[PDB]
Every structure is written in C-alpha cells, then in structure tokens.
Amino acid sequence: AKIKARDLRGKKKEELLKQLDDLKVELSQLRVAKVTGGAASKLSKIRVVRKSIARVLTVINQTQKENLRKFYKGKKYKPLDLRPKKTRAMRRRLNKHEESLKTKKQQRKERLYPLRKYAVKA
Amino acid sequence: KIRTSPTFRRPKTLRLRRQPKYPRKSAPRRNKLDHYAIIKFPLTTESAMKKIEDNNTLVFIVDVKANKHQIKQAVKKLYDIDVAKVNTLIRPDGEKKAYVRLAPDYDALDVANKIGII
Amino acid sequence: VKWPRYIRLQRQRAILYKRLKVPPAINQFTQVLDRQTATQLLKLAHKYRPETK
Amino acid sequence: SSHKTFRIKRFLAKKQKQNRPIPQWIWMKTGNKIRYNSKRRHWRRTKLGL
Amino acid sequence: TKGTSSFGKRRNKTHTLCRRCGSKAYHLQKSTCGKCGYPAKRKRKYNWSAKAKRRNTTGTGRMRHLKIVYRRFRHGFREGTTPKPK
Amino acid sequence: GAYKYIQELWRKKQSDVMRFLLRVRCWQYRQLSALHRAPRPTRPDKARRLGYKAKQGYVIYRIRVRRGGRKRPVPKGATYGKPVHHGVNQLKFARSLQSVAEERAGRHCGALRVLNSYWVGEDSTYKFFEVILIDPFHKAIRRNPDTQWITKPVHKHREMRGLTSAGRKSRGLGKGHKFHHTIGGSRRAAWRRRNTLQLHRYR
RNA sequence: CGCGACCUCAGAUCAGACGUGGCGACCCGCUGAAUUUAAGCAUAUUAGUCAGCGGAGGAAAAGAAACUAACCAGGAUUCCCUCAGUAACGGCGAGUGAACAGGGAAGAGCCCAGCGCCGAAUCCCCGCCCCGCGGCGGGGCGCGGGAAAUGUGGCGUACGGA
RNA sequence: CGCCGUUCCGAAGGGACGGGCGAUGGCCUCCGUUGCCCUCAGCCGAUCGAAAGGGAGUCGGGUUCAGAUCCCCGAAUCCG
Ligand SMILES: [Mg+2]
Ligand SMILES: [Mg+2]
Ligand SMILES: [Mg+2]
Ligand SMILES: [Mg+2]
Ligand SMILES: [Mg+2]
Ligand SMILES: [Mg+2]
Ligand SMILES: [Mg+2]
Ligand SMILES: [Mg+2]
Ligand SMILES: [Mg+2]
Ligand SMILES: [Mg+2]
Ligand SMILES: [Mg+2]
Ligand SMILES: [Mg+2]
Ligand SMILES: [Mg+2]
Ligand SMILES: [Mg+2]
Ligand SMILES: [Mg+2]
Ligand SMILES: [Mg+2]
Ligand SMILES: [Mg+2]
Ligand SMILES: [Mg+2]
Ligand SMILES: [Mg+2]
Ligand SMILES: [Mg+2]
Ligand SMILES: [Mg+2]
Ligand SMILES: [Mg+2]
Ligand SMILES: [Mg+2]
Ligand SMILES: [Mg+2]
Ligand SMILES: [Mg+2]
Ligand SMILES: [Mg+2]
Ligand SMILES: [Mg+2]
Ligand SMILES: [Mg+2]
Ligand SMILES: [Zn+2]
C-alpha cells in the first residue's frame, strides 16, 4: 500500500486531491503522536508519509504541466514558464532562421563563385 | 470653447484595461498555507493541560505567518468544532502559540481526547 | 493662460520668423498659389494619382 | 528590551536554538571528530552585537 | 573622564542589520550600508581590499542557481526531453 | 539627386540661408531638455551616410552637451602634489563632446544600440548632436542580414568603449608613422607589449 | 463655430519586446597619484602605473591603407624573433625609447551613403488554412492595419561601376 | 558610479453631488452596478521622520512555579 509515482500516473485530478488529503490528515495525527508518546514505529512513519505527500504533489504538478504544454503547443504566445529556459544570453540569440539569412548580393556571389575542389601535381 | 481658468491641465485620456495575449504564469500557485499547514501540533505542557481543563482552551503551535482568522477557520475545519476566540503569541524560540477557546457547547477536555492530546 | 512648454515653443517660433530677417531663399516659400489656382492645379493632379496598393 | 522588532525577536530566537550541547549519539558516529559544541555562547561573556 | 567613565554613556546604536548583505553596518541616520552600499543599486566594492572581496564574492555563498547551470552546461542546456523510459 | 544639393548646402554654414536656420534651430533646441527624442533626422542626408535608414527600429535622439574644457574636480583647487600636477583650469578631456553626447544617449537608452551621431548646432554654451540608435530586437533589424551584426552582444554599448566613429577618434588609431602608440589595437595593448619582459625558457 | 489632413507633443496596469544587477584572471574607454631615483630638489623618474568610474566577450580590441617607402620596391589586422637598449627624448643629468625593412605563426575578405535605373519592385504587425513547432519559422489567402517618396528594396563602391 | 535640488525651467487632478446617453443585472416590482459624455474641482508637492510631542476607546475582583488593565468572572466603552 506504499505510494509509488507509477501507480498515480493515470488517475484523475480530483482523485489525487482526495489521496493527498488522506495523507495530510495522516501526517497531522502522527505529529500529534510525536508529542504524546507514540511508538518508534509511528515516529518512523512521519518521513514515509511526508515523501508520499511529495510524490502525490509531484504527480499533480507534472500532470498539470504536461497538459498545459499540449494546450499551448500551437499558440504563438506562451506563459513565460512554458518557454525554454536555456540561459538569458542564449534566449536573446538570433534564432535558427535569422542566422541562415543572406543578402541577395551574397547568394549570387556564392552561386557564381563556389569554392572549388582541386589538387596540385607534386 | 473658452478658458475661464489661466491654468492649463493635462486632459483626461482613455485608459484601457489590460488584455494579455498570454498569462505570464501558466497556472495559479497552490495555497501553501492550507488548514493542515496552519496547525502544526498541539501543546501538551502542564500549563496547556490547565488551559484545557479550567479555561476550555486548546493550545496549538501554529505557523508564524497565520493570523487569528486563519487559525480559527483551520481549527473548525480540522476538528469540526466551534471557536469562541483566539489569542496568539510568538514564543521566544520563534514558534507561534495559539490559545484557542471553544464555544460553551464544546468541552475542550472531550475534544482533546478526540485529537489524542489526552 | 500659462500654456504647456511645447505650445509656448511653437508659438514663439512663429513670432521669431516674423520678427527676424528671413533670407529670400527661405522667404520665397511664403508666396504661394491662391485657392482658385491651387484648386485647379490639384484637380488636374487628381487625375494622375499613383495607383494604390 | 521589551520593545522589540519582529526581525530582532526572530534573530534572537535562532541564536537561542543554536545554544545547546551536541547530541551524545553524534559521538558514536563512524568518522566523528566533534567532542562538544565549540560554538556555545553565554549572554554575559560575549555579546551578540545586535 | 574620556576613558572608563565615558564608556558608560553609549547606549544608542549607530548601525543595524542590513537587509541586502545581512551585516550590522546599516547606518540608521544616513540610511546606508557601510559594507554593501545599500540602498545604492550597485554593490559596494573596492580593489584596495582584496580580502574583503574574497569574503563575499561569488562562490562564498550558496550558489543556488549558478551551480545547476554548471551541471546543465555539460549537456548543452538540453530541455524538454527525458531519458528513454524503462 | 537632392541629397547632393543638401550636402553642398550644409557646407555653406556661413551663408545667409544656413546662418538663419542654425540660429533659430539652436534657439529652439535650447528650450528643450538636454536629452530629447527627435521625431525624425534633422539632417536626413548626413544621417543616412552615417548608416541611418528610414525604417522601423532606427531612432534619433538630440543631446545637449555643455561646451568648454575640463576643470579638475578638486576641492578649492588643491591637488596635493608636485607643481607639475597643480593645473585646475585649461585642462582638456581626452574625448570629444560628440563622444560624450553618444555616451549620454547610450546610457539613457540602454536597450538600444548607438550607431553614430552628427552635429546639428551650437552656441557659446551648448553643442547639439543627434545620435542614431537602433533597437536591436525589432524584427526589421534582426531579419535584415546587413544589420544583424549590431544585434550581437559583442556590440553592447559601443559608445562606452570607444567603438563609434566619434568615440574612436580619441584612441589614436590609424595606419602609418603617426600612430605608433597604438600598434596592437590600443595604447594599453602597445604599452603591455613594449613593457613585458619575455623570459624564454632557453635564454 | 464646426469638420478633416499633417506636424510637434502628451497619457495609458494598452499588445508584444527589450535594459538594469553580478563576476571581473584576461579585454576596451576614461580618470589618475604619491612613496621612489636623481645620494638635496622643483622639470624628469616613479607612470599613463596604484587607487577611482564605465562597458564587454569567450576571447576582446584591431583590421582590409588618406600605409611603408624611395628599392629592380612592398601591400589589411594581430602575435613571435630580430631590428634594439638602436634613431630619438632628457636639470642632454638620473633616466627614458619606438618604427621600417628581413624571418616566422596565421591568413579572408568585404558592405553602405553617394551618382543612377527599376510603376516602393521594400519592410513590420494582425486574422484565417497547411506544415513545423523547447532557437516562433516556411508556404498560401485577406479592397486586413501600419511603416516608408523628409527614400525601403534590387543592381552597384574606387580593385573602377553602369 | 552619480550629484544638486524639494516647488524650483513640469500638460503634476484618475476625483465628485448632480444631470444625459446606453450595457447588465436583483428582494427584476423599481432600485443598484457599470462605460461614456456633460458639469464641477487650488492646495502647490512622491515618500520617510518620534515605543517621552499630537493621536477615539477598560475599569474592578480572582487566578500562576513563572503572564496578565492581555487569562477567567463582572461591569463598560470607542471605532467601522
Ligand atoms: Mg545593396
Ligand atoms: Mg556586559
Ligand atoms: Mg548618530
Ligand atoms: Mg588621457
Ligand atoms: Mg581605419
Ligand atoms: Mg502592456
Ligand atoms: Mg631624492
Ligand atoms: Mg638618499
Ligand atoms: Mg626627500
Ligand atoms: Mg615630477
Ligand atoms: Mg608618464
Ligand atoms: Mg586600477
Ligand atoms: Mg564597475
Ligand atoms: Mg554590466
Ligand atoms: Mg558571457
Ligand atoms: Mg570584435
Ligand atoms: Mg599584415
Ligand atoms: Mg646590437
Ligand atoms: Mg647638467
Ligand atoms: Mg615613459
Ligand atoms: Mg616587419
Ligand atoms: Mg605560415
Ligand atoms: Mg543609393
Ligand atoms: Mg580601396
Ligand atoms: Mg510615518
Ligand atoms: Mg508616537
Ligand atoms: Mg505619545
Ligand atoms: Mg475584554
Ligand atoms: Zn548591506
């Protein structure tokens, strides 16, 4: 009955919110136990329940972001958090298309005078 | 048409409300101070027991950021009781202690047994 | 009225062009067509306007 | 003083919690060298400076 | 009486904690930091104190974000991909 | 070919026509702020031969710089040294006023790139220059191959590193026997090369 | 009086972008001493150096001659060797002090304004369709909006060009 | 880097009883709300600056190992 992220992948949002609430109720009881003289087993359960709480929130956040990215896939403007991070300097670079652009004067020069392959006899 | 005042003032011009093409944040941030966050654990000292028995008061350690209204609403939802008032102090070690008094139709001594304090 | 600075500036610039001595090369442009000649000149020109986009 | 700012009352609280002896099970740790808390403070011998 | 006797009259603080660098050098009457220069936008720093620059340069702190960049640079700042699933 | 007539016209700065225009324009420029966004180039022909193009992303700024030399900013004129360094007046700044004008436009509009500048007027107190700047992120600039060079990070604040035409004139660059000071790209570069001891392994 | 153009100038939590701060070994632009040497010291030296301010990048800056030369000539920039502690500067004192040629490392060349000719042939942005979409782009369609004749694009730039 | 300056070279008001046009609503009756227009408008200086200055309104009794004009009991009061 341990919580594993794989088991949680396909579930609905409200189903995970319910599962989250049960763990949060459980942790609060354990925190009451921590000060009323609960056995070592209950104390050790705190860390197990805390990471179970993290796992559920992780799967909720991940699932929500996955669908937001699908939502904004075809959109021109996306939320700043859905745009590539990279580094600040790399985000300000000329993009792929802009770097490939050449003036018509340079395109004609390359067509008429392409660098050739040759050899010189020894 | 005419100016009855020698002063010239900037005329009022239309100011449109924002209509973003995209939201800067994809999703709202989750509430990190929900009810389970506000109430950390109950205090079980000798003076806390006196509060329960004599003053119909529960003693909780709560998040320092929480206010009285938040504590009152969290206590009611978590344990399904009614609260008369809340007194709060911040302890010398930084924790916030809440002196929660229950309505006269509630017995803090009974409620403590439900919570597990007693 | 105490007008904004930009209003005072363009009005005081119109007074300077009257107050100062304007060379004929600049002053030749104050002489212009009358409305009746400009209307005829503009109606004929209206018949040769460049084609729009 | 009694008159205190939240920021000062919070700085003082952290200085209060660091003023304790080390746990005694830290001694049995495998590669332990600490013998005691060498960062103990006394309100009278040395002052916090703020 | 400029010595021992005059040391008893000092009970008014000149500096307090600075909210930018955390050092007790925020002059209260001048509203300025003697250490970091707050509220000036730029950080106070001089080359006649090398020792002071190495006390609070980059690396002396947490490197919360800069040390993940050093990990991300070794893989070309790849984004939007994951290892092939089991 | 009007740009040819205008160029010749702006060479007769002591003619009655141009004296009148310079005088009233200097007056008008004097009633505005020391930094002022100009709707269009006052000198379209001079601007364009300095690189300006009449397309979106190019902007003009008029900068007013006080005329005169550099007074040493020492209290009460005391320099506390040897008589060789007692000068307070008659000292001159290493850079021109046009270069200072670009620097003041570049600092104000930090998101733009300063291209060049030119002279539009002066009186006893002020000199007036118009600075040509570029928005390096407008797509009329990024998508033009012939102006992509200035959108590079290596070209940030050209006016602040002596790279503009007006800025670079005070660096003593140039080819030939008059410019031995900057062999190596700069005065410091020449100095370091000429003042570094090369201690080869085998010496 | 009103209405309408343009010009100049404002206000917006208007749509979409961009700058700020840090680090600073190396790099560019400024500003810039005095200890010190001169057996004193003021020019000089220290030194365009320390300190101070600004701006960057993986390199920077420089760079395709308004050059060197005076030869039977070389041919952008940068670096190394040498030129050379030399020509020269200097209370001609103390001290300071390059370049050209020659040999190597590397090697790469180009683009505007202008003058002209092409029906502005040019550019940005919004809407819809296809593609691609974590470097937001390509194709198509809009009696869609704007910029731009106060000049965008193509040809063309001193080696000449049309 | 910045500094001077604090009303002095500034188009410095995002407000209001009332009225007029629409859009919506609800105890849809008739009243709200909202947008625009009309009308009216000095304050003339952002902001910071006192645990002794200005500044509404809490007193009695009991209670702890250590807190109380703060807890409990009783009786009041100001502001919205
Ligand atoms: Mg061309
Ligand atoms: Mg003491
Ligand atoms: Mg003081
Ligand atoms: Mg100099
Ligand atoms: Mg050159
Ligand atoms: Mg906006
Ligand atoms: Mg001496
Ligand atoms: Mg001696
Ligand atoms: Mg001496
Ligand atoms: Mg000297
Ligand atoms: Mg020198
Ligand atoms: Mg230095
Ligand atoms: Mg700096
Ligand atoms: Mg910077
Ligand atoms: Mg970098
Ligand atoms: Mg470069
Ligand atoms: Mg060469
Ligand atoms: Mg020799
Ligand atoms: Mg002599
Ligand atoms: Mg020297
Ligand atoms: Mg050579
Ligand atoms: Mg070779
Ligand atoms: Mg042309
Ligand atoms: Mg040539
Ligand atoms: Mg106040
Ligand atoms: Mg007070
Ligand atoms: Mg008082
Ligand atoms: Mg009461
Ligand atoms: Zn500080």
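Proteins come first, then strands; the chains are lettered A, B, ... in the order of their sequence lines, and each starts at number 1. Worth knowing before you read on, the calculation uses all heavy atoms, side chains too, and leaves out hydrogens, waters and symmetry mates.
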Q: Under 30°, 30 to 60°, or over 60°: which ring-plane class applies to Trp3(C) and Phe8(B), parallel, tilted or perpendicular?
A: tilted
Q: Going by purine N1 to pyrimidine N3 plus the second Watson-Crick contact, or the G-U wobble pair, all under 3.5 Å, which nucleotide sits opposite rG42(H)?
A: none
Q: N/O contacts under 3.5 Å, protein versus nucleotides 125-129 of chain G?
A:
{"from": "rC125(G)", "atom 1": "OP1", "to": "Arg143(F)", "atom 2": "NH2", "distance (Å)": "3.3"}
{"from": "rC125(G)", "atom 1": "OP2", "to": "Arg143(F)", "atom 2": "NH1", "distance (Å)": "3.1"}
{"from": "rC126(G)", "atom 1": "OP2", "to": "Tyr77(A)", "atom 2": "OH", "distance (Å)": "3.1"}

Q: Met49(B) has an atom CE; how far is it from atom P of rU64(H), in whole Å?
A: 18 Å
Q: Please check the phosphate of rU68(G) (OP1 and OP2 only) for any side-chain N or O of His177(F) closer than 4.0 Å.
A: yes
Q: Roughly how far apart, to the nearest Å, are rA56(G) and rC50(G) at atom P?
A: 22 Å
Q: Once hydrogens and angles are ignored, does a donor-acceptor distance under 3.5 Å link the base of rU63(H) to the side chain of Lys50(B)?
A: no
Q: Does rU13(G) have a Watson-Crick or wobble mate here (both distances under 3.5 Å), and if so which one?
A: none
Q: Without decimals, in angstroms, what is the distance between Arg42(E) CZ and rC1(H) P?
A: 7 Å
Q: With the side chain of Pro84(A) defined as its heavy atoms from C-beta on, choose the nearest nucleotide among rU157(G), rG135(G), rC28(G).
A: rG135(G)
Q: Rounding to the closest angstrom, what is the interatomic distance between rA69(G) and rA47(G) at atom P?
A: 31 Å
Q: By nearest atom, which of the nucleotides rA64(G), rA62(G), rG10(H) is closest to the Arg5(C) side chain?
A: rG10(H)
Q: Hey, does the side chain of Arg49(F) come within less than 4.0 Å of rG114(G)'s phosphate (OP1/OP2), counting only N and O?
A: no
Q: For RNA chain H, which residues of residues 53-61 of chain F approach it to below 4.0 angstrom with any heavy atom?
A: none
Q: Look at all strands and tell whether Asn87(B) reaches a base, only sugar-phosphate, or nothing, counting heavy atoms closer than 4.0 Å.
A: sugar-phosphate
Q: Is a salt bridge present between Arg104(F) and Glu159(F), judged by a nitrogen-to-oxygen distance below 4.0 Å?
A: no
Q: Expressed as a whole number of Å, how far does the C1' atom of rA76(G) sit from that of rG63(G)?
A: 6 Å
Q: With a cut-off of less than 4.0 Å, is there a side-chain N or O of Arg10(B) near OP1 or OP2 of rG13(H)?
A: yes
Q: By nearest atom, which of the nucleotides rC71(H), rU78(G), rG29(G) is closest to the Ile183(F) side chain?
A: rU78(G)
Q: Should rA42(G) form a Watson-Crick or G-U wobble pair with both distances under 3.5 Å, which nucleotide is its partner?
A: none
Q: Which base, if any, makes a Watson-Crick or G-U wobble pair with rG74(H), both distances under 3.5 Å?
A: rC59(H)
Q: Whole-Å distance between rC79(G) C1' and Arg193(F) CZ?
A: 9 Å
Q: Return the nucleotide paired to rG29(G): Watson-Crick means purine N1 to pyrimidine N3 with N6-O4 or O6-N4, wobble means G-U with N1-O2 and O6-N3, both under 3.5 Å.
A: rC53(G)
Q: Please determine if a side-chain N or O atom of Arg161(F) lies less than 4.0 Å away from the OP1 or OP2 oxygen of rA60(G).
A: no
Q: Closest to the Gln198(F) side chain: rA64(G), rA17(G), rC80(G)?
A: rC80(G)
Q: Given that both distances must come in under 3.5 Å, which nucleotide forms a Watson-Crick or G-U wobble pair with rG26(H)?
A: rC30(H)
Q: Closest-nucleotide mapping onto RNA chain G: is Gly174(F) or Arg15(B) further toward the 5' terminus? I mean the 5' end.
A: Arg15(B)
Q: Distance check, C1' atoms only: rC48(H) and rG15(H), in whole angstrom units.
A: 26 Å
Q: North or south: which describes the sugar of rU157(G), going by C1'-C2'-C3'-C4'?
A: south
Q: How many whole angstroms separate atom NE2 of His97(A) from atom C1' of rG138(G)?
A: 8 Å
Q: Identify, residue by residue, the members of residues 39-47 of chain F with a heavy atom below 4.0 Å from RNA chain G, and return them in order of residue number, or none.
A: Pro39(F), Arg40(F), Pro44(F)
Q: Who does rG156(G) pair with, Watson-Crick or G-U, both distances under 3.5 Å?
A: none
Q: Write down the partner of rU8(G) under the Watson-Crick or G-U wobble criteria, each distance required to be under 3.5 Å.
A: none
Q: Please answer whether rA51(G) and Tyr46(E) are stacked, defined here as ring centres separated by less than 5.5 Å and planes angled under 30°.
A: no
Q: Whole angstrom is fine here: how far is it from NE2 in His180(F) over to P in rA98(G)?
A: 12 Å
Q: Name the residue closer to the 5' end of RNA chain G, choosing between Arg24(B) and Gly162(F) according to the nucleotide with the nearest heavy atom.
A: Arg24(B)
